[PDB]
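A.B. asks: Got a structure for you, questions after.
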Amino acid sequence: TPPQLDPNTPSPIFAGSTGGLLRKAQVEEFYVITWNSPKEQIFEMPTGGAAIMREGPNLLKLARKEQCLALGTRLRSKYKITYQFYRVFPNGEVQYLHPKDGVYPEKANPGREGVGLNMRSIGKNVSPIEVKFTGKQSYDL
Amino acid sequence: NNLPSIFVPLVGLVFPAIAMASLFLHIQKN
Amino acid sequence: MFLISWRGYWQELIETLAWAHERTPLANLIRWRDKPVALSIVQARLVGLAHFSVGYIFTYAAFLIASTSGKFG
Amino acid sequence: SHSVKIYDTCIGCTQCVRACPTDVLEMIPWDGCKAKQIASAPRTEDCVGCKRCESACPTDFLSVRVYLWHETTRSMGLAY
Amino acid sequence: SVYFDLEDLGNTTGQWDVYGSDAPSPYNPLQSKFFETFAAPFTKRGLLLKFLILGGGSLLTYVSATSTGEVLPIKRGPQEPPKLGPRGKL
Amino acid sequence: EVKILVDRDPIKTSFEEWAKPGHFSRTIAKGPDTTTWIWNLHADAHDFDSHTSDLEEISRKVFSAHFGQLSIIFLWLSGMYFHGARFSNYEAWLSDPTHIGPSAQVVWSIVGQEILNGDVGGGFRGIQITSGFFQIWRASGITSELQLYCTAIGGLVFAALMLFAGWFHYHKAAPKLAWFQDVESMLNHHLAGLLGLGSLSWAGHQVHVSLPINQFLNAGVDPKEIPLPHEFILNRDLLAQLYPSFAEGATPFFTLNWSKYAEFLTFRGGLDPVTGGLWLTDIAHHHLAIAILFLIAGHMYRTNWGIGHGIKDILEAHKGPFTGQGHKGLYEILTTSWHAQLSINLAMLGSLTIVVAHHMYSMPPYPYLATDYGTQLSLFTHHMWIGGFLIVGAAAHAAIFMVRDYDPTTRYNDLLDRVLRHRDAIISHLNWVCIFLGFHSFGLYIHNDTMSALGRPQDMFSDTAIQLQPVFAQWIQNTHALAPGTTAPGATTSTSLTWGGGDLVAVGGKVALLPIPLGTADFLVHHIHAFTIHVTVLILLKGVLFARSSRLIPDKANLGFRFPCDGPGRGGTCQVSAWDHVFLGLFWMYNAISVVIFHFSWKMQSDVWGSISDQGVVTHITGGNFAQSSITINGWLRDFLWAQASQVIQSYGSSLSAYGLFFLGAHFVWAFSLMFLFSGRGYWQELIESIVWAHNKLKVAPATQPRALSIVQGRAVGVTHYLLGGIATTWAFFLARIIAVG
Amino acid sequence: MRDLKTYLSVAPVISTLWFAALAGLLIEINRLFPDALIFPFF
Amino acid sequence: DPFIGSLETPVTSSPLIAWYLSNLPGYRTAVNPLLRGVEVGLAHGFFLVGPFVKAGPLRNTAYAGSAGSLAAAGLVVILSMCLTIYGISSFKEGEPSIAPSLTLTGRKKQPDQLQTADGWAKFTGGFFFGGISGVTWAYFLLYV
Ligand code: CLA
Ligand code: CLA
Ligand code: CLA
Ligand code: CLA
Ligand code: CLA
Ligand SMILES: CC1=C(/C=C/C(C)=C/C=C/C(C)=C/C=C/C=C(C)/C=C/C=C(C)/C=C/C2=C(C)CCCC2(C)C)C(C)(C)CCC1
Ligand SMILES: CC1=C(/C=C/C(C)=C/C=C/C(C)=C/C=C/C=C(C)/C=C/C=C(C)/C=C/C2=C(C)CCCC2(C)C)C(C)(C)CCC1
Ligand SMILES: CC1=C(C/C=C(\C)CCC[C@H](C)CCC[C@H](C)CCCC(C)C)C(=O)c2ccccc2C1=O
């Protein structure tokens, strides 16, 4: 799938709180989650309190990926809404984060490369004495 | 004599401050 | 204190304290270089054990020496 | 970043992928099981160490293993 | 009703000074010149640190050594006659 | 409208559900696979909100449980009355209350425990009781044992009636949901009917029965010569001889010339010199006034008729400067869930219990109660502990509600959202206040200890070197002492003798009450109390507010209310649930209550209690060493713990020996608790594996495979053992000291 | 009757009955023979 | 911005509070740090002189105040040390200022030079000089 863009999406109606962004967002990174709602309704923010999502496209800024994924999974489970989130850097780079292939990870998709596979039982790992004085680890072999 | 009156303040106060400053500077150095 | 109370409570408290330090005026000019976090599990267990042992040894040494030297008999 | 490894005893029940809170694991086609799929952990750098994937795994011993390793801002769960 | 702009990130991430002021200095030029000329030697950092450490140590040692017994009860020493031990020990 | 709605035979009574354990939950009802099943069967027994989702069944179960609890309480009261009637020396104590110790229990003679039958007095041997029941019976006018037997029989009958009522209201006619959701009628009936009418009837009893009998007793008449209580009702001549106002009958009451009843309805205040207690006429007057007030206040809410107030209208139509629209959807929240009501009632009951303990120790309402020190100490400590436990439970139920019954979509409240939107500032400010208070309060004591240990008694914070006096409390005391002179012309004297100013009251050669001085030590102990209370409040509030979610864990509400952790990741997430916060706040409640009771005991023994000779000098139990020895930790350890523990450790071979045994046993239990607080589950599971192998070798393997306790179960066991051991130690020490020395 | 008998056979009820009987027998034995430190029948 | 971890309250955002805080020497961006540090040190030393002479170990003798004054001066020295190291571990020799660049309105403004090696060095020197001067002035005014 080709990554999308989020040029000028508006934001939900919130009154403000103390659970928002901090110095890390200005210094290190933050995250942006965008979705589409068919009607105006009230949802619960991960940072505390309740907000109202405008009908149409909605955009939100958060601090960590866990909050974004929790909000997205709540939206999918309760409202049946498609969502996607990116990560934003101080220099202006925007990196597409949620589904990279265009399909959800729980669904098998052809053309996916396998990482971290060991073709043996968990009890076939070598003893730590065999890998001593080397930079490798037993489970890495 | 009167060596303790000169040596106890030195070990108790000045040397810990010098050591703390040196260790803090060495730790914070990149 | 280190032997019953565990990490999550103190981590949330540290987060709240960090927010409080960041938001206040005349003290946000000073900023830390290492992010403050709560102690680990094994580290807290070790600290509690060290405190327990030090208290044990000091208390018994004081009691024994004082009791044996008060009478000298 | 912690280390997540997958072994060949997996039966492709997709519980670990659903349990992950940071979208670390996904599913790929495979050949040596009835379900014809197997899990993988590409986005290793986003792991926090909650070990929910190990909590949800039916096997004699877990086919997904998490080993704690060098910590960073992401793995420490810091938002400040 | 927008809060995210990619062109600049200072407003998006909230990089402001709440109470900063850019007004000109209110201090009198003559007093400023006097303080600038008289406080110059302490501007250097390493020299200031070395001077502070050495001066503090020397002053503390000199005050401790030169102090008399009136201020410090430890320097006055005992006055009452000594006492015997429990079992008659000296 | 208001109506009676019931359902006929919702459930059928049978023993088929008794045979199969755990029928309420399907997972439990499936069967035992391991031993953990058993530990679950008792944990989820009373969680009615998890068995089903309909409110009707939960309400019916709650009603039946209330009826069963009432039956149990009635059985306990009947047992107490029967013990007072049969095995007691009440009749001997009645004639000479000062020189006889109450006793209502007799021990058998099987093993050698007959040494526990001490010489209480009055030709009796038994265990001295500290429940204060004898004073209650004397104040009620009871002068025989047949009346106590009749009261016990009535209690048994009422307990049976309560049990039958519970069965009837669960299995025969169960009220519908709309019956429980009618709060206006319930409030009207609880205010006007339960409280006003009961107090009015008690005032009538006091006017007709208690006052004449107590007057005859105070005159000096033998208890066997006093006329029976119904003789006063039957014979108006006797009452006319006692109180002439009764000769006029009830005519003055309707004539509005109520002054004629001034003989037995007075406003003097103070303590009665003969018995060292409050006047009974004042008590009857207070009960009458309270009855009038409650009867008037019970007609405020609109039920079934035009006149009245609506609670929802009152809440919604509220406008204020700081509040605003505010309380709009609180009515639905309060009338929807049981947990919010439970938390509110628990907190209110705890506060009321603490206030009750304070008011009871300050102004003794029963005759011959101030001069019995053990009863006073036991009542104070017991009520303080009960109040603390209730206050702790309130926060746990509030957290339970916030976790499992809060949704901002269907039922939204503005105030709760506003509070939840700025929790960080609240937590930070509370943390700073706790740190500051603790630093100052404990640094004062540490500075005093260090200055005294270095031979510098002139640098301490004491009444002689550096004085920190409670000026505001002294001003309040002076105002209260001067109150009846000008501010309250109706009262002859002040309400209590505690206020600085007045005279000393002593009964039978023992001090009853005298003004209590205030100094630096009171200042320090009060600040310590404030510090401990603030820390407990901080812990409970942090537990309640961060229950749904947190910066570390953004989805804590999905895991539930009782979960051990989230995992070894994020650096460690042990003890993140609100249950862990309650389990942690229990310790601080225990600490605070222990400090409070220690302060009360030492101050009362040092500055108030004592004895008086014929000349007029007063000798206190500890000789007034509180003001100079309680300013350092060493003084607290030596002059209180070491000095006052002589009686408990030397009680072997006497009638108090049992107490001494408890003083050891509790200690053991305390240490036992540590085993459950310092270790983990994996070690025990790995040991049980080898034990199970050793069992398997000999063909004695059980089908239910043994399993180590869960983490939450281990924490609960540890905290329970800790609290039980500490409380039992304090109980044994206090009772032994106050019985051997007082 | 079947369900009542099944309930009466549950573990806590049987345990309390057994322990009450044992305690009563021990108490009665200690009452009939007050003190005992050694076995004197032989 | 409702999504920033800060709230707007009458105390935190009022014209009086804003003016009073912006007129404090620690927030004057245009002024060079030495003149601000001098005032800060003067005020801090003048305040610090008191408690040492009022609650010192020798507070009852004739030497008391003098001794207390000396103690106050010593504290200033320690504080100066606590400043110097804080510079060395924070600001490098060639890096620019790290202060915020734009104001609350959005206008671009020159960043403060206090968050720089030379700026912090000037601030510490001025603080030391002002603290010593304030301690001396307080002692002279109190016991002459
Ligand atoms: C390890 C050795 C050590 C030593 C030798 C001292 C020595 C002293 N202590 Mg300190 N102290 C220590 C550790 C030590 N302390 C620790 C661990 C603690 C924490 C509990 C304290 C907490 C403490 C308190 C709470 C107090 C002292 C005070 C004192 C002074 C008591 C003498 C006197 O009666 O006043 C004589 C009169 C004086 C005021 C002396 C004035 C001159 C001093 C020495 C300053 C010289 C200035 C110089 C620039 C110092 C900075 C240089 C830097 C390198 C240290 C003396 C300077 C007392 C004090 O200083 O009063 C405020 C006092 O109140 N100490
Ligand atoms: C925790 C509280 C505590 C407190 C309040 C005190 C207090 C005191 N101690 Mg003790 N002490 C303590 C604990 C404490 N101690 C502990 C734990 C130990 C170790 C065992 C000692 C050991 C000790 C020693 C060894 C000595 C003392 C002595 C003294 C006195 C010396 C005071 C001084 O010189 O410095 C005061 C210095 C200051 C800079 C004051 C700072 C506080 C200011 C006023 C802040 C107020 C804030 C303000 C409201 C801000 C608002 C801002 C707004 C305007 C915008 C003082 C009465 C000394 C003595 O001899 O006294 C008779 C002494 O020699 N103490
Ligand atoms: C004026 C009559 C009246 C009275 C006296 C009471 C009294 C009481 N109610 Mg309330 N209640 C009333 C009206 C009344 N209610 C109405 C109209 C409603 C419906 C809106 C309720 C709804 C209600 C609920 C849902 C519950 C109570 C409970 C209670 C008990 C509280 C326990 C306690 O505090 O110990 C005080 C102890 C005593 C005084 C015991 C004395 C026994 C009393 C006098 C029984 C007679 C009361 C009854 C209303 C009259 C019988 C009618 C029937 C024969 C036809 C107490 C018995 C709670 C309870 O404990 O449940 C059992 C409870 O859960 N009430
Ligand atoms: C006013 C009455 C009251 C009521 C009706 C409830 C009701 C409820 N509570 Mg709350 N609670 C209260 C007060 C109350 N609570 C107080 C005062 C506290 C503070 C301690 C708590 C703290 C609390 C916690 C921490 C929890 C609840 C939970 C629950 C629910 C489960 C009940 C359960 O299963 O226990 C059935 C009974 C037991 C498990 C017995 C345990 C054994 C006890 C602890 C031993 C006491 C021993 C005895 C005093 C000493 C003698 C020893 C001798 C036996 C040898 C239930 C809805 C539980 C829940 O899951 O909610 C959803 C839960 O986790 N409550
Ligand atoms: C007696 C030992 C003990 C002590 C001292 C503490 C101390 C503290 N507890 Mg812990 N705790 C303990 C046991 C103990 N706990 C146990 C058994 C448990 C059960 C698991 C807990 C569980 C617990 C909880 C759940 C909480 C705390 C919190 C706190 C803090 C309260 C704030 C405050 O008062 O700080 C002021 C400081 C003190 C009272 C400590 C003593 C300091 C004295 C005055 C010495 C200072 C001298 C000087 C500065 C030393 C310098 C010398 C050096 C230079 C050589 C404080 C750090 C609360 C918290 O952190 O919130 C703020 C909190 O929420 N504790
Ligand atoms: C102790 C006890 C008991 C007992 C109890 C009793 C004995 C009770 C009683 C009670 C009673 C005995 C009550 C009564 C009441 C009454 C009332 C409540 C009344 C009322 C009245 C009225 C209201 C009136 C009115 C009027 C008027 C105002 C005028 C004219 C007309 C008329 C008359 C109508 C028992 C065993 C159970 C249990 C245990 C404990
Ligand atoms: C605190 C407590 C307690 C106590 C309690 C008590 C003591 C109670 C009481 C109560 C009471 C004391 C009650 C009462 C009630 C009453 C009533 C309920 C009444 C009624 C009445 C009526 C109904 C009447 C009627 C009539 C008549 C008859 C005549 C005229 C007409 C009329 C109709 C009016 C105890 C220890 C348990 C413990 C826990 C807690
Ligand atoms: C001691 C301990 C154990 C072991 C404790 C166990 C196994 C409890 C054992 C309870 C009883 C004694 C077992 C037997 C119960 C049956 C009713 C026995 C029936 C036979 C006769 C006695 C009637 C844990 O499992 C544990 C888990 C987590 C943290 C701390 C700890 C911990 O400290």
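Residues in the structure tokens are numbered from 1 in each chain, the chains being A, B, ... in the order shown, and ligands are numbered from 1 in the order shown.
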Hey, list the chain C side of the contact with chain D: 9 Å cut-off, only C-alpha atoms, answer as a list in words.

C.D. replies: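 Here is what falls inside 9 Å: residues 15, 18, 19, 35 and 37 of chain C.
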
A.B. asks: Please, could you write that set of residues out with C-alpha atoms as a PDB file, in the first residue's frame?

C.D. replies:
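Output file selection-v3.pdb follows:
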ATOM      1  CA  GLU C  15       5.550  11.028  36.435  1.00  0.00           C
ATOM      2  CA  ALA C  18       7.995  15.479  36.651  1.00  0.00           C
ATOM      3  CA  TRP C  19       4.879  17.231  35.350  1.00  0.00           C
ATOM      4  CA  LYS C  35      15.224  11.281  33.013  1.00  0.00           C
ATOM      5  CA  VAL C  37      12.684   6.831  36.864  1.00  0.00           C
TER       6      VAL C  37
END

A.B. asks: Can you pull out every residue within 10 Å of residue 29 of chain C, counting only C-alpha atoms, but drop anything in the same chain fewer than 5 positions away, and send it as a PDB file with C-alpha atoms, in the first residue's frame?

C.D. replies:
ATOM      1  CA  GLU C  22       8.001  21.145  34.299  1.00  0.00           C
ATOM      2  CA  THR C  24       6.099  25.664  37.513  1.00  0.00           C
TER       3      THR C  24
ATOM      4  CA  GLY H  26      15.108  36.043  35.773  1.00  0.00           C
ATOM      5  CA  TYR H  27      12.851  36.714  32.778  1.00  0.00           C
ATOM      6  CA  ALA H  99      15.754  28.991  24.788  1.00  0.00           C
ATOM      7  CA  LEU H 114      21.366  32.922  29.586  1.00  0.00           C
ATOM      8  CA  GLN H 115      21.247  29.311  28.369  1.00  0.00           C
TER       9      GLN H 115
END

A.B. asks: Could you please extract the residues within 7 Å of ligand 7, counting only C-alpha atoms and all ligand atoms, and hand them back as a list in words?

C.D. replies: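 Listed by chain and ascending number, the contacts are residues 73, 193, 194, 195, 197, 198, 199, 201 and 202 of chain F.
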
A.B. asks: Tell me as a list in words which residues belonging to chain F come within 9 Å of chain A, counting only C-alpha atoms.

C.D. replies: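 Listed by rising number, the hits are residues 407, 408, 409, 416, 417, 418, 419, 420, 421, 422, 423, 424, 425, 548, 549, 550, 551, 553, 554 and 555 of chain F.
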
A.B. asks: Please extract the residues at most 6 Å from ligand 3, counting only C-alpha atoms and all ligand atoms, and provide them as a list in words, using the chain letters and residue numbers of this document.

C.D. replies: residues 63, 66, 67, 180, 182, 185, 186, 189, 190, 193 and 194 of chain F
